[PDB]
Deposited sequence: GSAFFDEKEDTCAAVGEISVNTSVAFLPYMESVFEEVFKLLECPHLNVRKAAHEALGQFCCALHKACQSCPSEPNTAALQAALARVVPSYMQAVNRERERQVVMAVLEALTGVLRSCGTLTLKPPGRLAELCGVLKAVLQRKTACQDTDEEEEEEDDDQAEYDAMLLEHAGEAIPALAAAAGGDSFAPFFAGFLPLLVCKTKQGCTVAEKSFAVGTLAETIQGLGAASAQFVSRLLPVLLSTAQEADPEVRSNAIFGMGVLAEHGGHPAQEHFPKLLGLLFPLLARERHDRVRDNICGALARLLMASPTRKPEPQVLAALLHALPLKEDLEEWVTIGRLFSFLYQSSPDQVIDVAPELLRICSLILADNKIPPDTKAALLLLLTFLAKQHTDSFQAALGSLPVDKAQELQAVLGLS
């Protein structure tokens, strides 16, 4: 720590410099050093360490704010937007404590978005894409309820990049931005379900697999976080999302569709997951592209064992087929493994004839293999 303060103090002096990239790497460095300092304060929460960290944020963040609507070199502002996003991702709440810091940060982001800043053509698409990248980290940092009245104004500007006739990169970045922002909005995303659902419903009728994956992930996340206003459309969502699990080939979209269906089933209260639904989801499993969804699938497995068991027993072939090829894969979260084998030990110890009928057409070595751990 006595070494770090000299680094803040010396790097900060590089902003009174007339050279572009020096101010650039200065803002970059300050952001990375605040993130590092935070990660350090998390290993040993020494109250002077959190104190020193806040002392650093209170000067680095207003320097960014000052830089966006005053600095005339767009590249430097871009670097600032990346850095501020990195801080908003690492520190989160700690950056928004001083009253009005959220409202100000939102004001500066707004300024970049509608080109009302001091530094205002590839740097334009990138400036807007960076201020864009800063929305979901700020929503996550502030906790949705505090951030929603600004996302009301952010939403149109960000849906413009969704209208038919934009770059696949434009469309897809903006859409993924919206999904991430739903996640960061949490329960307050319920306010926006009506305005968002046409956007995800249309942008999943898109050719490129990146746009479709971002939009279907957006559907699942909206279903999970949207609450009661989202629940009204669950039959509609499942309606569009049940054909494509056989209609569609790009495996990334297969993965994000399985994820979206898991969010749906887990967030839909009444009754049990419809049989053909969970059946198709388990057919498309295991994932191959967006592996981050496995955690979700893990939860879903758990979800089953808690809400309904008199339905897992009929997808047991699928449910130990997935298992016998997903523990050699040491890139799968081990609590996802734990959930799936909790379903399995259920099926074995309480419904054995279905369990043995399910070990049926696995390979004999895979059968004995699954018999190794569980009795």
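Stretches of the deposited sequence absent from the structure, as judged by C-alpha coordinates, are 1-26, 147-159, 415-416.
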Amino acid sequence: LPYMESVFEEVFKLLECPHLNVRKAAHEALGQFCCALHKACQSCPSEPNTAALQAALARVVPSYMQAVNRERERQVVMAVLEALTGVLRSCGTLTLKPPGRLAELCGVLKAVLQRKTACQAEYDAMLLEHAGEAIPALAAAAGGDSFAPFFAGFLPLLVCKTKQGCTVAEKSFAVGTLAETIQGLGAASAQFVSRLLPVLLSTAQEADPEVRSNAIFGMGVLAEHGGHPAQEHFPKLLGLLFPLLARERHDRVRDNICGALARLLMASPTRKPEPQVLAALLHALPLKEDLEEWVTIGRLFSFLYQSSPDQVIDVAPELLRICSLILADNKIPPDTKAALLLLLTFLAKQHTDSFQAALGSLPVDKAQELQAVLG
From here on, numbers count along this sequence of modelled residues.
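When the C-alpha B-factors of 353-361 and 19-27 are averaged, 353-361 comes out higher. Averaged over CA atoms, B-factors in the entry run higher in 108-116 than in the other of 229-237 and 108-116. Residue set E293, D145, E73, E133: peak C-alpha B-factor at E73 (per PDB entry). Split the chain's modelled residues into thirds by C-alpha temperature factor. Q32 is in the lowest one. In the deposited entry, the Cα temperature factor of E206 places it in the lowest third of its chain's modelled residues.
Per-chain ranking of the deposited C-alpha B factor places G92 in the middle third. Ranked by C-alpha B-factor against the other modelled residues of its chain, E274 falls in the highest third. Among the modelled residues of its chain, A260 has a C-alpha B-factor that falls in the lowest third, as given in the PDB entry.
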